[PDB]
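Below is one structure, written out as structure tokens; the observations come after it.
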Amino acid sequence: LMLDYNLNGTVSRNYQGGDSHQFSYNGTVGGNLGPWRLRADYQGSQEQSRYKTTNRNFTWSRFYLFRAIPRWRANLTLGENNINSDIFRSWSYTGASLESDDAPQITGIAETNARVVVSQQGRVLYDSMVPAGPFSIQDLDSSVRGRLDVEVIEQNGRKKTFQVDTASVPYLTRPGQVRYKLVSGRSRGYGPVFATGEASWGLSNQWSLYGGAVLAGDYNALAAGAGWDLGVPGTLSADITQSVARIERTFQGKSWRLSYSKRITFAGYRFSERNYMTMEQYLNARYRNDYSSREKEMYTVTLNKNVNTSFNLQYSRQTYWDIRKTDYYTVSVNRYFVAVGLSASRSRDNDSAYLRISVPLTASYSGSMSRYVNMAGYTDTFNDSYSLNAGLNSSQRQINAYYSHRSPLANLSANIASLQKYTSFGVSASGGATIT
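Those letters in the sequence shown? Residues 146 to 196, 200 to 250, 261 to 348, 354 to 411, 414 to 428, 436 to 479, 483 to 512, 520 to 529, 534 to 547, 551 to 559, 562 to 574, 578 to 588, 594 to 620, 622 to 636, per the deposited numbering, in order.
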């Protein structure tokens, strides 16, 4: 038995006389039964205000085994999970899946030492402190396909919020071989039975081609595409896919999609038809009576480009049939003569511009739009690091001190924050540990 714990807590007070305590936490509690790999996800967060309210929940988000099959070349994972697929959009479920054997970045800015949470469906994928300023987040693993729910939760009260869409890399294969998943169970937490599956043949000198299909009683979907490795100029794929959903009306429509991988630079385009429905969408319809957020024209790029500068750009637009256009765009330009970073982003619609600058010895000044904000400060570093800052928010002075420790199996951080005329204290812990 081990455990991969993540723990945040925070405490805010307020001139006008208010209190807030926060405390979240998630993780995995594992054990290894012989050849079997046994894993149980748990999450949940609880908070209290004072003017007097309190939110509070808890769960075991997933609970599933998985076993590597040496000699057959695929892993069996059986129990509660959420389907990842190289063609289809995800959804929750309890089933068994058999699949072949074989990493998204999340950017933005932070008014303050907010705490950042990343997820999809309701599943928490990252949830901890980040030092006010521009940010980037890699503690997400490899398996994450599709789009992500993001929320910045500022020490001051403004929660900000946005949406990211990972780079779905082309479904290609090496000439000789072939890749595939075969999943089948009953959709989890609302179920009805179903069985899905997708493969991809190396017909690849540089061209492979792939297809698959969803099968779920009333609902069935079908898709098929090819993909072409160009070598150095990048990668490219495209596929069509069709919905069919009867609810004892039956909705119909199809979607196309472009993939521009390169290994980085990815770009993607999806277009879906009026009544086209990704199995997730048809569940949120057929069981929650939600036919909203009709997906129409999506467009995403991811770009990190290094020459004596750094050029990370992450754009994503989703135009809807029924709801108004969605715009999220966040760019960061970093020059490394000393080092300078200028940064944009747009989380009702929001806009942050942030310019930071920094001198070794490390010390630094900054600037931040929102409510404009100017600060300077110093940061030591030692193994672990710890930085201090003074400045002015608008009139009200601002003070902020941040500590981080980055051991290999036990991280931890701590921030103290105070504006004149709120003040918060913060702590994030994470790492491995044994119970037995």
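Note that beta-carbon positions come from the ideal geometry of N, C-alpha and C, so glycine has one too.
Local conformation of residue i per DSSP, three classes
i, result
"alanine 457", "helix"
"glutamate 411", "coil"
"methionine 558", "coil"
"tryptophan 220", "helix"
"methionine 147", "strand"
"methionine 451", "helix"
"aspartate 402", "strand"
"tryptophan 364", "strand"
"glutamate 312", "coil"
"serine 606", "coil"
"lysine 500", "coil"
"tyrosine 212", "strand"
"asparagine 177", "coil"
"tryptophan 391", "strand"
"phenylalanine 512", "coil"
"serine 529", "coil"
"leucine 330", "coil"
"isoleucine 543", "strand"
"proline 292", "strand"
"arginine 305", "strand"
"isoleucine 436", "coil"
7 Å Cβ shell around residue i - same chain, five flanking residues per side excluded
i, result
"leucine 586", "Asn565, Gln597"
"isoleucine 498", "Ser464, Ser465"
"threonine 623", "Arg158, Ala616"
"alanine 408", "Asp381, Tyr382, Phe416, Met449, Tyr454"
"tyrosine 348", "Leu455, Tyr459"
"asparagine 536", "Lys318"
Whole-angstrom distance between residue j and residue i, CA atom to CA atom
i, j, result
"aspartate 149", "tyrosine 170", "11 Å"
"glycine 568", "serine 581", "7 Å"
"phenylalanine 438", "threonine 265", "15 Å"
"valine 274", "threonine 319", "10 Å"
"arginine 332", "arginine 414", "43 Å"
"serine 606", "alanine 629", "11 Å"
"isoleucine 436", "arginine 458", "39 Å"
"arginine 344", "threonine 242", "6 Å"
"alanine 261", "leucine 298", "7 Å"
"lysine 427", "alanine 609", "34 Å"
"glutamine 369", "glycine 334", "12 Å"
"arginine 195", "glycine 176", "41 Å"
"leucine 611", "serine 603", "6 Å"
"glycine 440", "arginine 422", "7 Å"
"residue 637", "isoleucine 410", "Shown here, the chain extends from 146 to 636; a query on residue 637 therefore has no answer."
"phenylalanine 206", "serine 424", "38 Å"
Residues near residue i by beta carbon distance below 6 Å, same chain, minus five either side
i, result
"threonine 484", "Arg510"
"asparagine 487", "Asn476, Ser507"
"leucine 213", "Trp181, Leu183, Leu226, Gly227"
"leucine 246", "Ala222, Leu224, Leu340"
"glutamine 489", "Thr265, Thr474, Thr505"
"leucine 283", "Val276, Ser277, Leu298"
"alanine 376", "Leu385"
"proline 289", "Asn271, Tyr601"
"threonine 202", "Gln193"
Integer-rounded CB distance, given that residue j should sit under 8 Å from residue i
i, j, result
"residue 621", "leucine 372", "In this structure residue 621 is absent; the chain steps straight from 620 to 622."
"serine 363", "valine 336", "7 Å"
"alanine 613", "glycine 626", "6 Å"
"residue 123", "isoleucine 267", "Beyond the ends of the chain as shown, which are 146 and 636, falls residue 123; an answer cannot be given."
Same chain, Cβ closer than 8 Å to residue i, neighbours up to 5 away in sequence not counted
i, result
"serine 553", "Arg542, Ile543, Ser544, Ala567, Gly568, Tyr569, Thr570"
"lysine 419", "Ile403, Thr404, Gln405, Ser406, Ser444, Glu445, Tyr448"
"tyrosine 495", "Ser465, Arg466, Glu467, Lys468, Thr501"
"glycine 172", "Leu148, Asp149, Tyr150, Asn151, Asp186, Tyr187, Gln188"
"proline 546", "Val520"
Residue i: CB within 7 Å of a non-hydrogen atom of the ligand GTP
i, result
"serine 588", "Ligands in the displayed structure: none, and consequently the ligand GTP is not present."
State whether the region 389-403 contacts the region 459-478, with contact taken as three or more CB pairs (one from each stretch) at a distance under 8 Å.
Output reads no: the region 459-478 does not touch the region 389-403.
Is it true that the region 229-238 meets the region 298-307, where meeting means three or more beta-carbon pairs spaced less than 8 Å apart?
Short answer: they touch.
Contact the region 282-296 vs the region 327-337: 3+ CB pairs below 8 Å
The region 282-296 is not in contact with the region 327-337.
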